[PDB]
Structure formats: structure tokens, C-alpha cells
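S.K.: There's a structure below that I have some questions on.
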Amino acid sequence: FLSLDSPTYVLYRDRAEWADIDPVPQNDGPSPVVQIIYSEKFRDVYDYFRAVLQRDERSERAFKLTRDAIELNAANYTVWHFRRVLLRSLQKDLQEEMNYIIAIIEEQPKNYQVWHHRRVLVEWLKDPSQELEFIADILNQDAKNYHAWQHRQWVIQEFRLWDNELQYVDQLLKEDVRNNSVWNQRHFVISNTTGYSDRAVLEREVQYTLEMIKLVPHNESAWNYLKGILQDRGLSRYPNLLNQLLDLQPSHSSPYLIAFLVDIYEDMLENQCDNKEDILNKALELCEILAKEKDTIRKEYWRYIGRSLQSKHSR
Amino acid sequence: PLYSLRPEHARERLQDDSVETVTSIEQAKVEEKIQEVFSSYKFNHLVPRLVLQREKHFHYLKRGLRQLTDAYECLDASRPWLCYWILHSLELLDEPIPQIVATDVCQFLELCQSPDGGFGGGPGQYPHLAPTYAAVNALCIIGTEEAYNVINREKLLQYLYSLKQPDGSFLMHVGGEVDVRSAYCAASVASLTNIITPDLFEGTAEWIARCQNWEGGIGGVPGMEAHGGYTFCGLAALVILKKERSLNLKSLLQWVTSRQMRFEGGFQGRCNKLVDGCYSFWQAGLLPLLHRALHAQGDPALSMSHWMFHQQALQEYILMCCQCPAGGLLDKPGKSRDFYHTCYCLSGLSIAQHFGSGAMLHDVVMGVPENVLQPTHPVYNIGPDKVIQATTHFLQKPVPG
Ligand SMILES: CC(C)=CCC/C(C)=C/CC/C(C)=C/COP(=O)(O)OP(=O)(O)O
Ligand SMILES: [Zn+2]
């Protein structure tokens, strides 16, 4: 109704409909600390929310009062809770409220409180129909919005809407193959559908990831995904991989590439491979090439690795 | 010279493989801007330039601790958080807390303690693990009997119980949701006040472990992209519950190291995401923990003087790119300053400044010797002497039942 910026906005202390209620001022003690010098409007609204909350007043007026309160500080979880308490108590039109939250989220796409409320409204309605589309719009604003990603996942699990997300992941990856949030989504879908143990699935992915690395040789996301989907499986178990990786070495190297080989060699040593010394040296070599040259930032890391390979594969 | 200034450092710049994407673009931008900052110190120096503006910082904190402007209205429900951020910030700056503010802090938090246990974003607000973690943490920094006695232990345990879930998780507040951070809040609080019962953390470790993702990091809820914040909360939580082994520590370590920006020298919170001063703690805070863990598992290949990250490189970014002239610290160059970041960047620097494992101690202080901050506990992110002081005090008392 009356926006907090309206030229004609009126204080709750001067609203007749609220006359009967004695606002409750917040108490911070005799000598406040970390005390905010609230604006007059802010203090006013909250002086009345405190009064509404105190007597647990389940009225329509209070429901509307929460709107302003939220505008004034959408982070107020307490306000967010009581509003829902009211929506229930006043049998509120949930779709109307859905329209409310839609508008609000687009406004503060980074607020946790806002998405939580959407979530509740969604399980209440048991209707996820608007979700995927809406999240897609928010993700157009910020394709890495953690909150927007968590919600999509919940929606997809709760409502088992796995059918077209993998295509969505492809869409988003073409838009930005460096979007880690999307690579995670890809893993999420697959581990939640075919599973990665389906060898036909593991092959399609490893191949996909390899083409991706080929295009953007320095994109860490791709590399991380590859390592992820094969690490527990034992990198050294895939001889063809090692051969294709070494093939990138010329026109497609990077510290990630070298890093991956290190792991491969590391796995070989664990698996008690042949030419133990030859490999150990191939590994220690790279560790130093990284430590001192290609990945100096992680020099501390690389020295420990090398130190480890030695500690259990020498003499 | 300085890592960020050496000739070869121009090589650590982003190679977008000629394939521009929203990611490569924004990253390059920050790089160019930081490079600008870098050039400034390479260019001029005749007296030491890497200096922590303690003076300015102390004013910012000393003021905030008392009053805030309405810009802070957005945090009206995060007031205990401000007591913490500030008090921790001063502590690291080795600034002592005057007995009066100490008592006033106590009294404000008292007013923020729900009758039903825990603490809310302010007086008369529903309790929430977050401000709760905060308030407790802040009370222990004051470290007084007065401070400790504010916490109604009996109620604190019941509250923890109300948020406790079957699968091992905890709600952030009643009617809220869960994520790793809440688990961390509980773990933290309970251990310090000594209120851990045989079943309070039943299944919690497994839950948290289920959050560690393919990348080796930890998201908030299982499936989610791995992220510094949650990752820290996760492992620390585990460290408290003595369950770190539940996680694939190998993948976690490799991941963390991979969060430090080669060029910038600081830490990102997610892969392919920008650098941020706060992660200086979040991300770099992991290393001392993983070290503890691996060390406990007799890992022989561990360093006896350094954390597994470019300590030198982080301090430089902090000092060179995260200090505000008016006081306080921040995100990255083009951002506004705030107590939040002021707490974390400092925490992060102290982390990178002090190493300790067994009897081995070895500092690394970039810039003037005076830049040494008070060390911080990698778990609670408060003074180690403070932790020791509090647990000792609460272990005098029996766990509620
Ligand atoms: C103890 C505790 C509560 C820890 C949590 C730490 C923390 C600040 C976590 C979440 C970060 C987040 C979702 C930031 C919003 O910016 P963004 O998501 O766009 O970008 P960013 O992930 O790089 O910050
Ligand atoms: Zn930040």
C-alpha cells in the first residue's frame, strides 16, 4: 500500500487504525554498544512490530506492517517468521504472496531470508511450476548466485524435476564455460540420475570434459570436474587418459595439466606400479616445476607433495 | 623483494585462451586494478611501505563499538555479530577492552539472550544460532566472570536441542533451514560452555561430511558448490567433534590451496570467482586445521615452519589492497569498508603471520615488524588464550542434563 517513500506516507504513530496499540520501544540498556542511529521511519515501524509481536496479534494490519519492516531490513529473520505465522493465521492467498516474493527476490537476489520464504511457500503450495523459469531469470542477473543455485537444487530434488536440467547446464556452459556453479550442477544432475558408475556415462563425460579443456586450456572448472569424476576411481587406471593428456602438453599446457599428471603418477606409486623409480622421478620433477615455476603460489603445497611421494616410495 | 612486485609476477596474470566469458572479463578487470596498486609500491619506496594502519583501524573500531550510522540498519538483526567483529578486531590489534565497555557489552548481549536459550539479532528478537555463536564468542573475548555468567547454560543446551535434526543437522533458528554454518555455530558454542551431551551431536558429523563435494570442498548443504565459508564451518566443526577423518582430507587440501589467486595473492571463495579479503581467514584458516589433522595422523611430510599456502602473498594483498585510509579493511579495492571484513582480513593476516605445530613456532611478518597481530585460534577465531580461559572456566561446571 503506502510505500515507505511516498510523499503521503504516514507514521504508524499517527495512523488511526493503530491508535489502540501502545508501541514498544526497543531497549538497549543504560549505555548502548553497537547502537544504530535508526531513521525515524525505521524506529517507528519497528516500535510497532514490537507491539504486534509482543501480543502475537494475528491481524491484517500487522501482516501489512511486516512488509515495511522487511523493506527496512529484509535480513530480519524474526520479521520473516512472524509474517509466515500470519499468512497461516489469516489464510492468505499464497499465489498473491508468491507474486510478492518474486518481486522481492529480483530486488535482493543475494538475501537468504528471501529465498527461504519462497521455499516454504513452495512446499505449502506443493506447486513448483514457476520455479525453474524464475530461477533462470535470477540466474541471468547472476549466474553464480549461490542462493539461486541451492533453491533450484532443492526444487529439483523435492519435485524430482530432473528431466531438462542437464540441457539447461549445457545452455549455461555455452554461455560461460567458466561457470563453476554450472559444472557443479552438471555433476549434481548426473550423480542424481544415471550415476557415474554407468561406464557409458563416465566415458561421455570424460570425453566432454576433454573437449572443453581443449577449448579453454586454462579453465580450472573443467579440470576440477574431470578430477572429481575419476579421483576416487584411481586416475592411473585410465592409460588412454594419460596419453591424451600428454598430447595436450604442446599447444595446450597449464599448471592444472601438469598438476593432474602429478596425481596420475601419485596413483601409480600407490598401486605399486612398475619402474617405481622412473615414475617417482617423473613426479618429483613436475612437483618442482610447479613449486618453482608453474604454480609458485602453491609452492608450499608442491614441496609437501614431493616430500610425500619420497616419504613412501623411495629407497 | 616482494612477491607481488618481482619481475616474473606479470606472468601470473590471467590467460583467457582468447575465449572471453563473463568470468575471464571480471577477473582481468580486478587484475588490472590490482596491478595498478602493485605498480605503486614497485615504483616508490625509500622507507618501509607495507604498514598496517593500526591507528586508523583503532578509531574505526572504537567508534563502531559504541555507535553506528543508519547504513548499518540492514544489520539490526546482526548486532551481536558487530560486538564480535569489533571486539575480535581490537583483540588482534592487541587493543585492550576498557572495563566499562566490557560491562556494557555484557549487558547488551544479556538483553539479546532469549529466555528460552540462545541469542537473537538484538534485544527482543528470536534466537538464532548465528548471533548466538557471535554473542558467546564475543563474551569469551571479554573473558570476565561477568562475561561468562551471562550465558544461561541450561537454556543454551535446550535451545540447541530444539534446532537439532534427526539426520544430524541443525536449523539456523526455529522455522528456518539448515546448512553447515549452523552446525558450526552449535559445535562452537556447546564445546566452549561445556554443554555437550552424549546425543547432542548424534549423526551431525556424517551430515557435514555429506556436504563435501566433488571439488573436495564443502557446500552449505550436500550437492551445493563447495565454498570457503561453509568449508571452514565444516571442517572446524569436525575438528571440534574430533571427526575430521570423516572427510577426504586429500581432496579438501588440494582444493583450498587452489583458492589462492596466483596474481592477487589473496583468496577466492569459490573456483572461477573473484578474490576477497574475508576469505583471507575463511580460506587460509583451513590450512592450520588440515595441518592439525594430518599431523595427528602422523603425517611425516609436513612442514615445521609454514602453512601450505603462500603466507607472504596473502599478507601483501591484505596490506596493499585491503586497507582503507579512513580506517577499517575490505573486500577488494573498489568496495566500501565494513566491520565484517575488518574482522576477517585481520584474522586472516594473523593466520598467515603465525605458524605453530607441536613446539615449532615461526612467524612471517611482511612489512614492518609492528604488523604482527595477536594470533587467533583456527577454530573459534578468537584469542587462543581466550579459548583456554573459557573452556577451563566452564569445565568447572557439569554438563547440563
Ligand atoms: C560462520 C559463517 C556464517 C560463515 C559463512 C561465510 C560466508 C560469508 C558465506 C556465504 C557467502 C555468500 C553466499 C556471499 C554473497 O556473495 P556471493 O555468493 O555472490 O559471492 P562469494 O561466494 O564469492 O562471496
Ligand atoms: Zn566478503
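Chain labels run A, B, ... following the order of the C-alpha cells; each chain numbers its residues from 1, and ligands are numbered from 1 in the order shown.
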Can you list, as a ChimeraX atom specification, every protein, DNA or RNA residue that comes within 12 Å of residue B:193 when you count only C-alpha atoms, leaving out same-chain residues fewer than 5 positions away?
M.R.: /B:133,136-137,139-140,147-157,186-188,387-400
S.K.: Could those residues be written to a file, using N, CA, C and O atoms, as a compact mmCIF listing (two decimals), in the first residue's frame?
M.R.:
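Below you can see again.txt, which holds the result:
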# COMPACT_ATOMS: atom_id res chain seq x y z
N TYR B 133 26.28 -17.76 18.21
CA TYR B 133 27.68 -18.09 18.04
C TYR B 133 28.41 -16.83 18.36
O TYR B 133 29.32 -16.81 19.19
N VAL B 136 28.32 -15.53 22.19
CA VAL B 136 29.16 -16.38 23.03
C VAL B 136 30.61 -16.01 22.72
O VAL B 136 31.34 -15.57 23.59
N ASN B 137 30.97 -16.09 21.45
CA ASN B 137 32.31 -15.76 21.05
C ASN B 137 32.77 -14.41 21.61
O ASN B 137 33.84 -14.32 22.22
N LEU B 139 31.53 -12.76 24.23
CA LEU B 139 31.60 -12.79 25.69
C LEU B 139 32.93 -13.40 26.17
O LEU B 139 33.56 -12.90 27.13
N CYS B 140 33.40 -14.42 25.47
CA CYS B 140 34.65 -15.08 25.83
C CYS B 140 35.87 -14.19 25.56
O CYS B 140 36.89 -14.33 26.23
N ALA B 147 31.31 -11.77 32.08
CA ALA B 147 31.06 -12.17 30.70
C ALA B 147 30.51 -13.60 30.60
O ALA B 147 29.50 -13.86 29.93
N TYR B 148 31.19 -14.54 31.26
CA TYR B 148 30.79 -15.95 31.25
C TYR B 148 29.41 -16.19 31.87
O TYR B 148 28.54 -16.82 31.27
N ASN B 149 29.20 -15.59 33.04
CA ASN B 149 27.95 -15.75 33.75
C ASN B 149 26.72 -15.21 33.02
O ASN B 149 25.60 -15.34 33.50
N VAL B 150 26.90 -14.57 31.87
CA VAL B 150 25.77 -14.05 31.10
C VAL B 150 25.01 -15.21 30.44
O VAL B 150 23.79 -15.17 30.30
N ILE B 151 25.78 -16.20 30.01
CA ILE B 151 25.28 -17.39 29.33
C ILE B 151 24.52 -18.34 30.23
O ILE B 151 25.10 -18.92 31.15
N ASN B 152 23.22 -18.48 29.98
CA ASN B 152 22.36 -19.41 30.72
C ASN B 152 22.60 -20.76 30.04
O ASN B 152 21.94 -21.09 29.05
N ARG B 153 23.57 -21.50 30.57
CA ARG B 153 23.96 -22.79 30.03
C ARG B 153 22.84 -23.80 29.84
O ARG B 153 22.71 -24.41 28.78
N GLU B 154 22.01 -23.92 30.87
CA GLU B 154 20.89 -24.85 30.89
C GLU B 154 19.98 -24.59 29.72
O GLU B 154 19.58 -25.52 29.01
N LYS B 155 19.64 -23.33 29.52
CA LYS B 155 18.78 -22.95 28.42
C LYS B 155 19.50 -23.12 27.08
O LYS B 155 18.89 -23.55 26.09
N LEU B 156 20.79 -22.83 27.06
CA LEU B 156 21.56 -22.94 25.82
C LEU B 156 21.48 -24.34 25.24
O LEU B 156 21.29 -24.52 24.04
N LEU B 157 21.60 -25.33 26.11
CA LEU B 157 21.52 -26.70 25.66
C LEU B 157 20.15 -27.05 25.10
O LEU B 157 20.05 -27.69 24.05
N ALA B 186 26.67 -24.34 16.60
CA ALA B 186 26.34 -25.22 17.71
C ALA B 186 27.61 -25.82 18.30
O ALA B 186 27.91 -25.62 19.49
N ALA B 187 28.34 -26.54 17.45
CA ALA B 187 29.59 -27.18 17.84
C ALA B 187 30.39 -26.21 18.68
O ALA B 187 30.66 -26.48 19.85
N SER B 188 30.65 -25.05 18.11
CA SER B 188 31.39 -23.98 18.76
C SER B 188 30.89 -23.67 20.17
O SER B 188 31.61 -23.85 21.17
N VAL B 387 40.26 -18.87 24.44
CA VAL B 387 39.63 -20.17 24.35
C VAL B 387 39.99 -20.90 25.63
O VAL B 387 39.11 -21.21 26.44
N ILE B 388 41.29 -21.05 25.85
CA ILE B 388 41.82 -21.75 27.01
C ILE B 388 41.22 -21.26 28.32
O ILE B 388 40.91 -22.06 29.21
N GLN B 389 41.03 -19.95 28.41
CA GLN B 389 40.49 -19.34 29.61
C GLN B 389 39.04 -19.78 29.83
O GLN B 389 38.70 -20.22 30.92
N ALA B 390 38.21 -19.70 28.78
CA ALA B 390 36.79 -20.05 28.85
C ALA B 390 36.45 -21.53 29.10
O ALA B 390 35.68 -21.83 30.01
N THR B 391 37.00 -22.43 28.29
CA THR B 391 36.74 -23.86 28.43
C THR B 391 37.11 -24.29 29.84
O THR B 391 36.40 -25.08 30.46
N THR B 392 38.25 -23.78 30.32
CA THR B 392 38.73 -24.05 31.67
C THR B 392 37.68 -23.62 32.69
O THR B 392 37.36 -24.35 33.63
N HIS B 393 37.10 -22.44 32.48
CA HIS B 393 36.08 -21.91 33.37
C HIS B 393 34.78 -22.71 33.34
O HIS B 393 34.12 -22.87 34.37
N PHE B 394 34.37 -23.16 32.16
CA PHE B 394 33.12 -23.92 32.02
C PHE B 394 33.27 -25.40 32.36
O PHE B 394 32.29 -26.11 32.55
N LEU B 395 34.51 -25.90 32.37
CA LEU B 395 34.74 -27.29 32.72
C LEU B 395 34.68 -27.46 34.23
O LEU B 395 34.79 -28.58 34.75
N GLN B 396 34.55 -26.34 34.93
CA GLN B 396 34.42 -26.32 36.39
C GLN B 396 33.00 -26.80 36.65
O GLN B 396 32.71 -27.45 37.64
N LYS B 397 32.12 -26.43 35.73
CA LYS B 397 30.72 -26.77 35.82
C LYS B 397 30.40 -28.05 35.06
O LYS B 397 31.06 -28.41 34.08
N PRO B 398 29.41 -28.78 35.57
CA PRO B 398 28.97 -30.03 34.96
C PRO B 398 28.11 -29.78 33.71
O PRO B 398 27.43 -28.76 33.62
N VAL B 399 28.18 -30.69 32.74
CA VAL B 399 27.37 -30.57 31.51
C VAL B 399 25.90 -30.68 31.94
O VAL B 399 25.56 -31.57 32.71
N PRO B 400 25.02 -29.78 31.45
CA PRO B 400 23.60 -29.79 31.81
C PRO B 400 22.99 -31.13 31.44
O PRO B 400 23.44 -31.81 30.52
S.K.: Can you build me a table of chain B residues sitting at most 6 Å from ligand 1, with the closest atom pair per residue and its distance in Å to one decimal, using only C-alpha atoms and all ligand atoms, sorted by chain and residue number, as JSON lines?
M.R.:
{"residue": "B:181", "atom": "CA", "partner": "ligand 1", "partner_atom_place_in_ligand_line": "2 (C)", "distance": 5.2}
{"residue": "B:229", "atom": "CA", "partner": "ligand 1", "partner_atom_place_in_ligand_line": "6 (C)", "distance": 3.6}
{"residue": "B:230", "atom": "CA", "partner": "ligand 1", "partner_atom_place_in_ligand_line": "5 (C)", "distance": 5.6}
{"residue": "B:233", "atom": "CA", "partner": "ligand 1", "partner_atom_place_in_ligand_line": "1 (C)", "distance": 6.0}
{"residue": "B:269", "atom": "CA", "partner": "ligand 1", "partner_atom_place_in_ligand_line": "23 (O)", "distance": 4.7}
{"residue": "B:270", "atom": "CA", "partner": "ligand 1", "partner_atom_place_in_ligand_line": "23 (O)", "distance": 6.0}
{"residue": "B:273", "atom": "CA", "partner": "ligand 1", "partner_atom_place_in_ligand_line": "23 (O)", "distance": 5.9}
S.K.: As a ChimeraX atom specification, could you give me every residue of chain A near chain B (at most 8 Å apart, counting only C-alpha atoms)?
M.R.: /A:26-29,31-39,72-78,81,116,146,149-150,153,175-181,184-185,188,215-218,220-221,224-225,228-229,295-301,304-305,307-308,311
S.K.: What residues of the protein or nucleic acid chains come within 8 Å of ligand 2 when you use only C-alpha atoms and all ligand atoms? Reply as a list in words.
M.R.: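 Within the 8 Å cut-off, the matching residues are residues 276, 277, 278, 279, 330, 331, 340 and 341 of chain B.
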S.K.: Given the selection you just returned, output its residues as a file containing N, CA, C and O atoms, formatted as a tab-separated table (two decimals), in the first residue's frame.
M.R.:
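That gives us selection.tsv:
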chain	number	residue	atom	x	y	z
B	276	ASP	N	38.74	-12.10	-2.44
B	276	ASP	CA	38.07	-11.35	-1.36
B	276	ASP	C	38.83	-11.41	-0.02
B	276	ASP	O	39.12	-12.49	0.52
B	277	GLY	N	39.06	-10.22	0.53
B	277	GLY	CA	39.76	-10.09	1.79
B	277	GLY	C	39.29	-10.98	2.91
B	277	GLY	O	40.10	-11.49	3.69
B	278	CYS	N	37.98	-11.18	3.03
B	278	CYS	CA	37.46	-12.02	4.10
B	278	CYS	C	37.94	-13.46	4.01
B	278	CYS	O	38.30	-14.08	5.02
B	279	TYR	N	38.05	-13.96	2.79
B	279	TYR	CA	38.49	-15.32	2.58
B	279	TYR	C	39.89	-15.52	3.11
B	279	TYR	O	40.28	-16.66	3.36
B	330	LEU	N	38.85	-4.22	3.90
B	330	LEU	CA	37.77	-4.53	2.98
B	330	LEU	C	37.83	-5.77	2.08
B	330	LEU	O	38.59	-6.71	2.30
B	331	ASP	N	36.89	-5.79	1.14
B	331	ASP	CA	36.71	-6.84	0.16
B	331	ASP	C	37.90	-6.74	-0.80
B	331	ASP	O	38.92	-7.38	-0.60
B	340	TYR	N	32.63	-6.30	9.17
B	340	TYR	CA	32.71	-7.70	8.79
B	340	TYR	C	34.10	-8.00	8.28
B	340	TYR	O	34.87	-8.69	8.94
B	341	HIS	N	34.46	-7.37	7.16
B	341	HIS	CA	35.75	-7.59	6.52
B	341	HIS	C	36.91	-7.20	7.42
B	341	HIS	O	37.99	-7.78	7.33
S.K.: Would you please give, as a ChimeraX atom specification, all residues of stretch 77-179 of chain B that DSSP assigns to strand (DSSP E or B) based on the backbone?
M.R.: /B:113,119-120,127,164,170
S.K.: In Å to one decimal, how far is atom CA of residue A:108 from atom CA of residue A:84?
M.R.: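 That distance, rounded to one decimal, is 19.0 Å.
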S.K.: I'd like the contact shell of residue A:281 - 10 Å cut-off, only C-alpha atoms, skipping same-chain residues fewer than 3 positions apart - returned as a PyMOL selection string.
M.R.: chain A and resi 265+276-278+284-287+306+309-310+314
S.K.: Name all residues at most 12 Å from residue B:328 (count only C-alpha atoms; drop same-chain ones fewer than 5 positions away) and give them as a PyMOL selection string.
M.R.: chain B and resi 52-64+85-86+89-90+93+277+318-319+322-323+335-346
S.K.: Could you take the residues named above and write them with N, CA and C atoms, as a short mmCIF file (atom, residue, chain, number, x, y, z; two decimals), in the first residue's frame?
M.R.:
data_model
loop_
_atom_site.label_atom_id
_atom_site.label_comp_id
_atom_site.auth_asym_id
_atom_site.auth_seq_id
_atom_site.Cartn_x
_atom_site.Cartn_y
_atom_site.Cartn_z
N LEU B 52 50.49 -1.81 8.49
CA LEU B 52 49.12 -1.99 8.91
C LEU B 52 48.72 -0.72 9.64
N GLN B 53 47.83 0.07 9.04
CA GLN B 53 47.31 1.32 9.60
C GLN B 53 46.56 1.14 10.93
N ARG B 54 47.24 0.56 11.92
CA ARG B 54 46.65 0.30 13.23
C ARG B 54 45.87 1.49 13.74
N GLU B 55 46.53 2.64 13.75
CA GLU B 55 45.92 3.86 14.23
C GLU B 55 44.51 4.10 13.67
N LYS B 56 44.40 4.20 12.35
CA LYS B 56 43.10 4.44 11.73
C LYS B 56 42.11 3.35 12.06
N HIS B 57 42.60 2.12 12.01
CA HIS B 57 41.75 0.99 12.30
C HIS B 57 41.13 1.11 13.69
N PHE B 58 41.96 1.40 14.68
CA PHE B 58 41.50 1.51 16.06
C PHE B 58 40.41 2.54 16.27
N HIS B 59 40.44 3.62 15.49
CA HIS B 59 39.42 4.67 15.61
C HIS B 59 38.13 4.11 15.10
N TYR B 60 38.19 3.54 13.91
CA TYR B 60 37.01 2.95 13.29
C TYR B 60 36.33 1.99 14.25
N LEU B 61 37.10 1.06 14.79
CA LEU B 61 36.56 0.09 15.72
C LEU B 61 36.02 0.75 16.98
N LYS B 62 36.85 1.53 17.66
CA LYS B 62 36.46 2.21 18.90
C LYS B 62 35.14 2.96 18.77
N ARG B 63 34.91 3.54 17.61
CA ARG B 63 33.68 4.28 17.38
C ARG B 63 32.52 3.32 17.18
N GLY B 64 32.67 2.41 16.22
CA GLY B 64 31.61 1.46 15.91
C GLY B 64 31.08 0.71 17.11
N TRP B 85 32.74 -9.01 15.72
CA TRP B 85 33.66 -8.49 14.72
C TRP B 85 34.62 -7.48 15.32
N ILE B 86 34.06 -6.46 15.94
CA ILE B 86 34.81 -5.37 16.55
C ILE B 86 35.76 -5.84 17.65
N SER B 89 38.44 -7.81 16.35
CA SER B 89 39.33 -6.91 15.62
C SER B 89 40.29 -6.18 16.55
N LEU B 90 39.77 -5.65 17.65
CA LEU B 90 40.59 -4.95 18.63
C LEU B 90 41.60 -5.91 19.28
N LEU B 93 44.40 -6.54 17.17
CA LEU B 93 45.16 -5.30 17.15
C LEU B 93 45.77 -5.09 18.52
N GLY B 277 39.06 -10.22 0.53
CA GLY B 277 39.76 -10.09 1.79
C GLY B 277 39.29 -10.98 2.91
N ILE B 318 46.50 -8.20 1.45
CA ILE B 318 45.81 -7.59 2.58
C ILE B 318 46.31 -6.17 2.75
N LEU B 319 47.59 -6.09 3.11
CA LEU B 319 48.25 -4.83 3.34
C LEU B 319 48.23 -3.83 2.18
N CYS B 322 43.78 -4.15 0.79
CA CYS B 322 42.60 -4.22 1.62
C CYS B 322 42.46 -3.22 2.76
N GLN B 323 43.31 -2.21 2.79
CA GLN B 323 43.24 -1.21 3.85
C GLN B 323 42.61 0.09 3.38
N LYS B 335 35.57 -1.47 -3.27
CA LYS B 335 34.43 -1.76 -2.38
C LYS B 335 34.40 -0.83 -1.15
N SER B 336 33.28 -0.80 -0.43
CA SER B 336 33.18 0.02 0.79
C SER B 336 33.74 -0.79 1.96
N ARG B 337 34.22 -0.10 2.98
CA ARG B 337 34.76 -0.79 4.14
C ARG B 337 33.61 -1.15 5.10
N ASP B 338 33.83 -2.17 5.93
CA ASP B 338 32.84 -2.62 6.92
C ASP B 338 33.45 -3.51 8.02
N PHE B 339 32.84 -3.51 9.19
CA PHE B 339 33.35 -4.29 10.31
C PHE B 339 33.54 -5.75 9.97
N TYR B 340 32.63 -6.30 9.17
CA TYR B 340 32.71 -7.70 8.79
C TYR B 340 34.10 -8.00 8.28
N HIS B 341 34.46 -7.37 7.16
CA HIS B 341 35.75 -7.59 6.52
C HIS B 341 36.91 -7.20 7.42
N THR B 342 36.70 -6.19 8.25
CA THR B 342 37.72 -5.73 9.16
C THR B 342 38.10 -6.85 10.12
N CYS B 343 37.11 -7.67 10.50
CA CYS B 343 37.33 -8.80 11.39
C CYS B 343 38.07 -9.93 10.63
N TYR B 344 37.62 -10.24 9.43
CA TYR B 344 38.23 -11.32 8.70
C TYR B 344 39.59 -11.13 8.07
N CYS B 345 39.83 -9.97 7.47
CA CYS B 345 41.12 -9.69 6.84
C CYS B 345 42.19 -9.77 7.93
N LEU B 346 41.91 -9.14 9.07
CA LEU B 346 42.83 -9.15 10.19
C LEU B 346 43.03 -10.59 10.64
#
S.K.: With only C-alpha atoms as the counted atoms, please give the residues lying no more than 9 Å from residue A:205, apart from itself and same-chain residues fewer than 5 positions off, as an MDAnalysis selection string.
M.R.: chainID A and resid 196 200 210 226 229
S.K.: Keeping N, CA and C atoms, export the residues of the selection given above as an mmCIF file, in the first residue's frame.
M.R.:
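Below is the file part02.cif, written as the result:
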data_model
loop_
_atom_site.group_PDB
_atom_site.id
_atom_site.type_symbol
_atom_site.label_atom_id
_atom_site.label_comp_id
_atom_site.auth_asym_id
_atom_site.auth_seq_id
_atom_site.Cartn_x
_atom_site.Cartn_y
_atom_site.Cartn_z
ATOM 1 N N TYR A 196 27.516 -42.127 -11.970
ATOM 2 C CA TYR A 196 28.724 -42.114 -12.780
ATOM 3 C C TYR A 196 29.342 -43.489 -12.987
ATOM 4 N N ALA A 200 29.160 -46.118 -19.602
ATOM 5 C CA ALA A 200 28.808 -45.397 -20.823
ATOM 6 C C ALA A 200 28.677 -43.912 -20.494
ATOM 7 N N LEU A 210 37.142 -33.368 -21.763
ATOM 8 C CA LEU A 210 38.374 -33.250 -22.521
ATOM 9 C C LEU A 210 38.246 -32.241 -23.663
ATOM 10 N N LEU A 226 36.805 -33.075 -14.098
ATOM 11 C CA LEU A 226 37.458 -34.281 -14.594
ATOM 12 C C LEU A 226 38.061 -35.037 -13.419
ATOM 13 N N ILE A 229 35.255 -36.573 -11.129
ATOM 14 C CA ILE A 229 34.597 -37.779 -11.604
ATOM 15 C C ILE A 229 35.488 -39.012 -11.796
#
S.K.: Which residues come within 9 Å of stretch 36-40 of chain B, counting only C-alpha atoms, excluding same-chain residues fewer than 6 positions away, as JSON, numbers by chain?
M.R.: {"B": [4, 5, 320, 321, 333]}
S.K.: Based on the selection just made, write N, CA, C and O atoms of those residues as an mmCIF file, in the first residue's frame.
M.R.:
data_model
loop_
_atom_site.group_PDB
_atom_site.id
_atom_site.type_symbol
_atom_site.label_atom_id
_atom_site.label_comp_id
_atom_site.auth_asym_id
_atom_site.auth_seq_id
_atom_site.Cartn_x
_atom_site.Cartn_y
_atom_site.Cartn_z
ATOM 1 N N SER B 4 54.568 -9.911 -5.015
ATOM 2 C CA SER B 4 53.723 -9.237 -5.975
ATOM 3 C C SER B 4 54.456 -8.219 -6.828
ATOM 4 O O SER B 4 53.926 -7.761 -7.830
ATOM 5 N N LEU B 5 55.684 -7.896 -6.455
ATOM 6 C CA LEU B 5 56.462 -6.907 -7.190
ATOM 7 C C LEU B 5 57.539 -7.453 -8.120
ATOM 8 O O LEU B 5 57.917 -6.792 -9.097
ATOM 9 N N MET B 320 48.447 -4.324 0.966
ATOM 10 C CA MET B 320 48.465 -3.472 -0.216
ATOM 11 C C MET B 320 47.117 -3.125 -0.817
ATOM 12 O O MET B 320 46.932 -2.020 -1.331
ATOM 13 N N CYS B 321 46.177 -4.060 -0.756
ATOM 14 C CA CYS B 321 44.864 -3.833 -1.363
ATOM 15 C C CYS B 321 43.631 -3.837 -0.493
ATOM 16 O O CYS B 321 42.540 -3.533 -0.991
ATOM 17 N N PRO B 333 39.805 -3.539 -3.571
ATOM 18 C CA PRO B 333 39.900 -2.127 -3.938
ATOM 19 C C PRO B 333 38.620 -1.312 -4.117
ATOM 20 O O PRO B 333 38.321 -0.464 -3.285
#
S.K.: Running DSSP on the backbone, which parts of stretch 239-381 of chain B land in helix (DSSP H, G or I), as a ChimeraX atom specification?
M.R.: /B:239-240,244-246,249-257,279-296,311-321,339-353,369-371
S.K.: My list of candidates is B:200, B:296, B:274, B:365. Which is closest to residue B:316 when distances are computed with only C-alpha atoms?
M.R.: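 Of the candidates, the smallest distance to residue B:316 is held by B:365.
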S.K.: Taking only C-alpha atoms into account, name the residue in A:182, A:98, A:190, A:230 that is nearest to residue A:125.
M.R.: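 Closest residue, counting only C-alpha atoms: A:98.
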